[PDB]
Amino acid sequence: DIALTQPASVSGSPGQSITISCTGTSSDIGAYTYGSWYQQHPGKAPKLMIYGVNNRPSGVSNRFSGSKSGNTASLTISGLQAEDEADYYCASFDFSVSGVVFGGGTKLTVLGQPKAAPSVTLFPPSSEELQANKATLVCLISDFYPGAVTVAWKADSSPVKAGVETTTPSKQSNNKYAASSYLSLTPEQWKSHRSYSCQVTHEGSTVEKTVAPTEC
Amino acid sequence: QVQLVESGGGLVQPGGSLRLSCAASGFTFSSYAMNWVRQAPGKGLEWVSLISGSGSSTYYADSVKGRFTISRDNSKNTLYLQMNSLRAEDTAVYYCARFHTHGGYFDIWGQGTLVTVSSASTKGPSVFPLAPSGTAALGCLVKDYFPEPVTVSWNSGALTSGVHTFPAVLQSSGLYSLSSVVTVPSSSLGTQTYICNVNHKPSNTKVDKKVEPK
Amino acid sequence: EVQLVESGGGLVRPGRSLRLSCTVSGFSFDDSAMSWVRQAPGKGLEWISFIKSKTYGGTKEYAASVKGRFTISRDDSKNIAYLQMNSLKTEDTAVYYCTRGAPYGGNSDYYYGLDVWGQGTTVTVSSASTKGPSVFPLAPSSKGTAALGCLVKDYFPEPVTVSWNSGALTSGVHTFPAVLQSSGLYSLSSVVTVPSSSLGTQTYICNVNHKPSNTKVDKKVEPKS
Amino acid sequence: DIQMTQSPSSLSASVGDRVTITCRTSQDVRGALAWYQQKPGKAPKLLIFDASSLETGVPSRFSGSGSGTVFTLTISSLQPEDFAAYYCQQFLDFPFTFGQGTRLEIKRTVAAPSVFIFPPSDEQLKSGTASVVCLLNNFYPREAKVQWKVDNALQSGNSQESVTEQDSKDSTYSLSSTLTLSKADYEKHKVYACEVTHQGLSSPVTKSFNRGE
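Residues numbered from 1 in each chain as written, not as in the entry; some residues may be left out. Chains lettered and ligands numbered in written order. Heavy atoms only, no water. Residues with missing side-chain atoms left out of burial classes, pairs and counts.

- In the annotation of the PDB entry, chain C is listed under the name RB1 heavy chain and assigned to Homo sapiens.
- For this entry, the PDB record gives the title as "RB1 Fab bound to 1A6 anti-idiotype Fab".

- By the naming in the PDB entry, chain A goes by 1A6 light chain and is assigned to Homo sapiens.

Next up, the structure:
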C-alpha cells in the first residue's frame, strides 16, 4: 500500500524561497518509489516540475529544486515570482503494483500583489432578450485583488435577492481576479422600477454602477 | 515539437461508452508507456490507466477495474480508452500522458477533453448582444448552455486584444451562462466590425450573431 | 550476501585468446542483467560489455572499442558468466570487473547503474618471460636529508616487494609506482631519506623480493667514492 | 553515441568544504546518469543512481542535481573518507560510456620540491643501459615539470615519470624521473642536469652532475 499527503496551502513572498512537503505513508515499504512534482496553472494542462528527487526538465527554470529526506519529499522554490501562482502535486510511482498515486496539491499563493479596486460593468437587458420576455442584467467585475467581492443588486433603491447568481472568483491570465453576476428579472419587472444598481464590495470599498429602465 | 491531442468527449447518459482517442506525434509511440489522468472539476488529479510499450501490460486504478479498457495502436499511432458503466461521479477532464523510457514521470501531457454525465439534455446556447451603451466595452451573453465549453470568438477570430472572457456561470436551473466583453474605441464604435461567433460543441451549435450599437 | 567473484586472468600473449569467468551468489542469475567493465592501469574506467536477462530478449552488446573481438555469454543453472577475448592487443592489459546492472524497478529493461562490483581480476598481455629484477644502487652523493635508493629494472610481472633495513625503516620510504618501459619489462624506484650524520653511521640494506621469479636481492647502499 | 565531459579533472579541498563536480553530456540524457566512487586501489561503488537519488549504502552528505546537459554532484561536509576518484556514467542508450574521471585530493600548504640527482650506477655501467634518476621529495601541488639537460641542451622522448599517491602523513607527493641512455649515449655526455619547475620553487632548480665526477 502507498498513500500521499500534501499541505492545504502555502504562502510566501515575491523574493523568498518556500518549501512544500509531500509526506508518504506505507506499510512495510520496501518498494521502489519514483517521485515527481507537477505544476498546474488554473484551467491549464499540468507541467512536469521535478522528477526523481532533484532532476529538472529542460526548458524549466533553475529556481525549482527538490530534496528527499527519509520518506518526505520537498519542493523548494527560490526567487519566488508572481508567475509561480499555481497548484503543485506530488506523484509516486510504484513499480511493483505499477501504479502512480497523486496528492491533494498545494496552492502556492504569493502576497506581493497590490489591492486594486474592481472595475464594474453593468449591461442593460438585451433587445433580443427584451423580446424574449426575460431580462438578464449582467454585472462584470474585473481586475480585483484579493478576490473576495460581494455583489448586491438594488431595485428601486431597495435590496433585491431573487434571481441573483454570482460566479466564484477566477484567476485571470493577467494576474487579476474577475467574476460575473447575473440578475434574472421578469420582462414586466424590468419595466417596473425606475433604476437598478449593482453595489460591489471588493475590500471595504463600495462601487455603484447604475442602469435604469429608461434604456429606450 | 512533440504533441499529444485528445478527442472524444461531451455528454453521456449514465451507462454510455465515449471511446476517447489520444493521438501523439514527434516521439516513437511504440517504445513509451502511456497513462490516463482524470481531474474532477475543482478537485485534484488522479490516475486511471497505464499501457506499456508492447501492450498486453494493462494496469488500471482501483475505482475502475472492470469498466475501462485501454488499447494502443502503434500502426495508427494513437491510443484509446473505452469506458463502460460510467457513474455520475466520473465527470472530469481526461489528460493523456506519456511515461518516459526511464519510467516514473509523466513527460508530456495532453491538452485535455471533458467528459460529463448527466440526465440533462444538450441545450444550444441562446446568444444575446449586450450592445455598448475613449474605449467602451460591449459584448455577448450566452444563456442556457449545457455542458461546457462554448467558444466565443469576437470579430470572426481576428480580434485578439481587449476581449475578456468571463468565467462560466452555473445557473440554479441546471443550465449555464457565459459572457464575452470587448473593449473597442469610442470613436471606432461606428466603424468597427463587431460580429460574434458562438460554437457550442456539446450540441454542435455554431451560431453567428451580430451586435450593433443601440 | 550479494557476491560476485571473477576468476581467470593472468599473463597472455598478444593475438591469442583468453576467457574470464564470473561467479555469483545471493541473487538470481536469470532475471539479473550483468556487465563487464575494464580499468587500464592508471587510466579511467571503461565499459566493455552488457548481457541482459533471458526474459528481455537476451541480447548481447558491447562498446565499439571491443566489438568484433569480445563475446559475453551467461550460463543458467550454474550462475556464472563467460567473457571471451580474441586477438588481444597490447593495450588491453587491465583489471576486469564483473558488475550487476540494476533495473529501474524490481524489473524492467532499463537500468540506472551497476550496484555490486566484484574485486576484479588482472589481465596482462606481454611478450617477456619471467625476468628477475636487476637491483642497482643510487647512493647519496649530496654534500640534511639525503636520499638512498634502489632501482629495480627489468622485472615481470608486477609487483615486487621493497623493504628497508629488512623491514625496519618504514619511515620516509617512498615506493614509486611501477612504470612500463618500452623494453617490455617493469621499472620500480625505492627512495629513503636519512640524516647526513646517519648517512655514514648505519648501513643501508635494501631487500628486493620478486615472487614471480623467486628473487631475493640484498643491496648494500654505501656512499659512492 | 553520447560524449561525456568531466569537469574539473582535479579537485583540491579540505575537510568541511562543499565540492561540486559537473558531468556534461552533449545529448539530452534526462535522468539516466549514475555517479560512482572509487577508492584508489579498491572496487568502485554506486553513489548516485539517478541523477539525484541515493542508494542505501551511501551517507546522506552526498547530493545530486541535474537538468539535461548538466549534472552535478555536491558534497556538503567533506568527511575524510570521500577523497577518491569520481566517475559518471550515462544510461539513456547503449553504449554506457564512462566519464573521464575526477580526483579529490587534500589541499595543504604549498611546499616546494626537493630535487636530488642520482647518477648512473657503476654496476649498471657495464650492464649496458645507464639510468639517471631525478627524485622530487615533498612536493605540493601535483603539477611539476621535470626537464633533462645533456650538455646544456634540453632532451625529450626518453623520460619516464612516476607519481606517488597522496602521503598519509605529510600530505605531499613524490616524483621520480628516469632517463634511460645506452652505453654510447651515457659515454657521449659531459654533464647531466635535471631542471625542476614548480610553483614552490622561486626559480627553476637545477641539479647537475658531472658525467665522470
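**A short note on the overall build of chain A**
Piece 1. For chain A, the count of helices and strands is two helices and 19 strands.
Piece 2. Along the three orthogonal principal directions, the C-alpha set of chain A runs to about 75 × 40 × 30 Å. (Helix = DSSP H or I, 4+ residues; strand = E, 2+ residues; numbered from the N terminus.)

**A short note on the state of the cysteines**
Piece 1. A sulfur-sulfur distance of 2.0 Å marks the disulfide that ties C22 of chain C to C98 of chain C. Looking down the S-S bond of the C22 of chain C and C98 of chain C bridge, the torsion is -100 degrees, so its handedness is left-handed. Of this pair, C22 of chain C sits in strand β3 (residues 18-25) while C98 of chain C sits in strand β9 (residues 94-103), placing them 76 residues apart in sequence.
Piece 2. The side chain of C23 of chain D participates in a disulfide bridge whose partner is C88 of chain D; the two sulfur atoms lie 2.0 Å from each other. Residues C23 of chain D and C88 of chain D are joined through a disulfide that is right-handed, its torsion about the S-S bond being 75 degrees. Residue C23 of chain D is located in strand β3 (residues 19-25), and its partner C88 of chain D is located in strand β8 (residues 85-90); the two are separated by 65 residues in the primary sequence. (Disulfide = S-S within 2.5 Å.)

**Looking at the packing of aromatic side chains**
Piece 1. Taking 4.3 Å as the distance between ring centres and 20 degrees as the angle between the ring planes, the aromatic pair formed by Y51 of chain A and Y105 of chain B counts as stacked. Of this pair, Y51 of chain A sits in strand β5 (residues 47-51) while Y105 of chain B sits in the loop between β9 (92-99) and β10 (106-109), placing the two residues on different chains.
Piece 2. Taking 4.9 Å as the distance between ring centres and 85 degrees as the angle between the ring planes, the aromatic pair formed by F93 of chain A and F99 of chain B counts as edge-to-face. Of this pair, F93 of chain A sits in strand β8 (residues 86-94) while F99 of chain B sits in strand β9, which puts the two residues in different chains.
Piece 3. These aromatic residues form a ring-pair network of at least three members: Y38, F93, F95 and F102 of chain A together with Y95, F99, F106 and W109 of chain B.
Piece 4. One cation-aromatic arrangement involves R98 of chain B over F27 of chain B; the distance from NZ or CZ to the ring centre is 5.1 Å. (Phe/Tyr/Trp six-rings, centres within 6.5 Å; stacked < 30°, edge-to-face > 60°. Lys NZ or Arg CZ within 6 Å of the ring centre and 35° of its normal.)

**Examining the domain arrangement of chain A**
Piece 1. According to the domain assignment, chain A contains domain 1 (3-109) and domain 2 (119-211).
Piece 2. Placing the centre of domain 1 of chain A and that of domain 2 of chain A at their C-alpha centroids yields a distance of 39 Å. (Domains from an automatic or database assignment.)

**Thoughts on the domain arrangement of chain C**
Piece 1. Splitting chain C by domain gives domain 1 (1-127) and domain 2 (128-225).
Piece 2. Each of domain 1 of chain C and domain 2 of chain C was reduced to a C-alpha centroid, and the two centroids are 37 Å apart.

**A short note on the environment of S7 of chain C**
Residues and elements named next belong to chain C.
Piece 1. Along the chain, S7 turns up in strand β1 (residues 3-7).
Piece 2. In sequence terms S7 and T121 are 114 residues apart; their C-alpha atoms lie 6.7 Å from each other.
Piece 3. Apart from the residues lying within four places of it in its own chain, the contact partners of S7 are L20 and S21. (Contact = heavy atoms within 4.5 Å.)

**What about the sheet that holds strand β19 (residues 205-210) of chain B?**
All names here are of chain B.
Piece 1. Across the sheet, which stays open at both edges, the three strands sit in the order β14-β18-β19 with antiparallel pairing between neighbours. The sheet is open, and its two borders are formed by β14 (150-154) and β19, each paired with just one other strand. The mean angle between the axes of side-by-side strands here comes to 15 degrees, regardless of whether they run parallel or antiparallel.
Piece 2. In this sheet, β19 lies alongside strand β18 (residues 195-200) in antiparallel orientation, the contact comprising six bridges. Residue pairing for β19: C196 is matched across the bridge by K209. (Pairing = 2+ DSSP bridges. Axes fitted to C-alpha atoms, helices over the stretch in contact; angles between N-to-C directions.)

**Observations regarding the pattern of salt bridges**
It is possible for side chains bearing opposite charge to pair when their charged atoms get close.
Piece 1. Residue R87 of chain B pairs with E89 of chain B through a salt bridge whose shortest N-O separation is 2.4 Å.
Piece 2. When the shortest N-O distance is used, the salt bridge between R38 of chain C and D92 of chain C registers 2.7 Å. Here the residue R38 of chain C occupies a position in strand β4 (residues 33-39), and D92 of chain C occupies one in the loop between β8 (80-85) and β9, the gap between them amounting to 54 residues.
Piece 3. Salt bridges sharing common partners tie together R38, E46, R87, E89 and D90 of chain B. (Salt bridge = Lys/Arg side-chain N within 4 Å of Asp/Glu carboxyl O.)

**Notes on the side chain of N54 of chain A**
Piece 1. Summarising the element assignment, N54 of chain A is placed in the loop between β5 and β6 (64-69).
Piece 2. Engagement of the side chain of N54 of chain A in a polar contact is seen with the backbone oxygen of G66 of chain A, the distance being 3.5 Å.
Piece 3. At 3.3 Å, the side chain of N54 of chain A forms a polar contact with the backbone oxygen of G64 of chain D.
Piece 4. Not counting residues up to four positions away in its chain, the partners in contact with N54 of chain A are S65 and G66 of chain A together with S52, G64, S65 and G66 of chain D. (Polar contact = N/O pair within 3.5 Å; in protein donor to acceptor, adjacent residues only side chain to side chain.)

**Re the pairing of strand β4 (residues 33-40) of chain A**
Residue and element names in this part refer to chain A.
Piece 1. Bridge analysis of β4 against β8 gives eight bridges, and the strand direction is antiparallel. Looking across to β8, one finds that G35 is bridged to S92.
Piece 2. Where β4 lies against β5, four bridges are found, and the strand directions are antiparallel. Across the sheet, residue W37 finds its bridge partner in β5, namely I50.
Piece 3. Following β4, the chain reverses through six residues before pairing antiparallel with β5; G43 in that reversal takes a positive phi of roughly 65 degrees.

**A word on the interface of chain D and chain C**
Piece 1. Counting from both sides, the interface comprises 21 residues of chain D and, opposite them, 21 residues of chain C.
Piece 2. Counting residues per element, the ones that place at least two in the side of chain D that touches chain C are β4 (33-38) and β8 of chain D.
Piece 3. By residue number, the principal contributor to the side of chain D that touches chain C is β4 of chain D, which donates three residues.
Piece 4. Of the residues contributing to the side of chain D that touches chain C, the split by class is 12 nonpolar, six polar and three charged. (Nonpolar A, V, L, I, M, F, W, Y, C, P; charged D, E, K, R; others polar.)

**Here we look at unusual backbone geometry**
Piece 1. Cis geometry is adopted by the peptide bond preceding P147 of chain B, which originates at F146 of chain B and carries an omega value of 0 degrees.
Piece 2. In this fold, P147 of chain B is placed in the loop between β13 (135-145) and β14.
Piece 3. Residue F156 of chain C is joined to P157 of chain C through a cis peptide bond whose omega torsion reads -5 degrees.
Piece 4. Examined against the element boundaries, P157 of chain C turns out to sit in the loop between β13 (145-155) and β14 (161-164).
Piece 5. Although it is not a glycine, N155 of chain B adopts a positive phi angle of roughly 75 degrees.
Piece 6. A positive phi is found at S166 of chain C, a non-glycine position, where the angle reads about 60 degrees.
Piece 7. Examined against the element boundaries, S166 of chain C turns out to sit in the loop between β14 and β15 (173-175).

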